[PDB]
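So the structure is just underneath, and the comments pick up after that.
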Ligand SMILES: O=C(O)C1CCN(CCOc2ccc3[nH]ccc3c2)CC1
Ligand SMILES: [Yb+3]
Ligand SMILES: [Zn+2]
């Protein structure tokens, strides 16, 4: 089984066992410079060369056995970067290991990295750097077999200006002054658990920490520490539930890092150090499902890993399934059903947007010649979850299916697997229920586009009030608008308010007068909850409310979570009155945006 996103030698040829990274972070040049020493095991007899992924990397030299060796960089292959073939000085027998030390430098335009000026930070005095390797950006940091089919341990020494702090997806292993430069510090790191290289992460900035649990510190700039400690105070209780469901947490520490606003995702499950968007800081812990999600990846994703990106649903579907169980344990089974039903709504939205026959609406996708960043959507999350929730209901309930989940994590821990491996184990675990399993339309679920062939059963208790209010608004005529008022919202949680808006957004546009009334009576303009504000602004823009233009533009640009920034820009571009402003704002902000976000927004806008 071939990873069509990687140009490196496959796991069947050789396997990286370990990376020792020794580098220096240069904020003046916006480069990372150093050596990556790869311990590689031959899987073949008489192995004489091998190939590594690179992207925008400057290679100085490659050293084996203390001597320089021949290598060559192939022609760049778009988003895949350039393959690097290395000639081994002596042929290797099967299972023989050697160390290959590559001296390299990154480009300032590394798609893995965002370099922030002091003014793009909270403190305004120091610069800031962060990485994001998933799916295939590790190659834009260092030469590697950039495929999740290979797992390696790592150690790193990172030299940074002494007033700044380095963190990695690893256990902190001490700090010292840089022996070769008084103005610099070296931070050391150890990751003892084998990981796919997409989980390598690095932050450098003016970071402070606060403890919030027996194995959790929150890290951020000083201005955000207090708020973050409170927002994420459920972390330990969630880790406890996660361990009950998934087995031992094997990674030692579970720290959180709250990034600056340009961070492109809700979170990223970097082992030992989850990265999260500051757009989670609602002030009431209401967006903590994102933390439950990142915690869950400690089992589904980081222990059991997708062998190629075609099988990404394995990572995300199971993680959302565990995420919803954590939240269901904390807040009740009716709440789990409410979230599950909301997720089905998001799947409807994704399918409608792509088109019901689009290949990216397939559960298992074929990424040959497709940039994974372009293919990325809610489909693998929600169609994946829908499959598992359907299977749960078919096979006798949540207690039974959780038994399978834990056994699946156990079976495939430290490994990389395909959808077939998963299905084979499902059939093994439930061998006494194979007749029921054979009733599943596997070909439809796994390989067909569109909505799943069957929708699960959802408890409606919490959803009813949201649908009822949304329907009141949708069917209202002008002479009904007077009946609405602030008391409509009195018994709705923030989650229900969000769902009301999601329900209403699906029927957008509404009449402009309706939207004006909704602001008049509910004052959604005052809500800072990022999810609620996002849906409200989309509703306003799609319903042609000019007053909403500056609000939408401000939210699109003052944070950069792609979930929010991409649809806000797209809506603003689709609205005749804001179209020119949207394009102009993008052009102006482009240079200081995250490189992946810049790329996708440009594509969305048909710009450049
Ligand atoms: O799921 C999470 O925890 C979030 C969202 C997804 N994340 C980064 C997404 O990047 C990827 C990774 C893998 C992918 N396969 C296809 C598209 C694609 C995009 C990390 C944080
Ligand atoms: Yb009427
Ligand atoms: Zn995830």
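Indices start at 1 and increase along the chain as displayed.
For this deposited structure, the header notes the method as X-ray crystallography, 2.0 Å.
Cβ coordinates come from backbone N, Cα and C, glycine included.
Residues annotated as active site, proton donor in Swiss-Prot: 381. Swiss-Prot lists 293, 297, 316 with the feature Zn(2+) binding site, giving experimental evidence as the kind of evidence. Per Swiss-Prot, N6-acetyllysine is recorded for 70, 334, 411, 570, and the stated evidence type is a large-scale study or a structure entry. According to Swiss-Prot, the feature phosphoserine maps to 413, an assignment based on experimental evidence. Among the features that Swiss-Prot reports, site 'Covalently modified during suicide inhibition by leukotrienes' is placed at 376, with the record citing experimental evidence.
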Among 376, 381, the one of these recorded positions whose Cβ has the fewest neighbouring Cβ atoms within 10 Å: 376
Rounded to the nearest Å - Cα separation of residue 70 (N6-acetyllysine) and residue 297 (Zn(2+) binding site): 40
Contacting recorded positions, sequence order - 70, 376, 411, 413, 570 vs ligand 1, Cβ under 6 Å: 376
From binding-site residues 293, 297, 316, the one whose Cα lies nearest residue 411 (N6-acetyllysine): 297
Of 316, 381, 570, recorded positions neighbouring ligand 3, Cβ under 6 A: 316
Sequence-distant neighbours of residue 413 (phosphoserine) in its chain (C-beta under 8 A, six or more apart): 303, 304
For the Zn(2+) site built from 293, 297, 316, further residues of that chain with CB within 8 A of the site's CB center: 269, 294, 296, 300, 301, 315, 318, 319, 320, 322, 323, 381
Spatial neighbour of residue 297 (Zn(2+) binding site) that is closest, considering only the recorded positions 334, 376, 381, 570 and their CA atoms: 381
Where residue 411 (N6-acetyllysine) falls in three-state DSSP terms: helix
Residue 376 (site 'Covalently modified during suicide inhibition by leukotrienes'): secondary structure state under DSSP, collapsed to three categories: coil
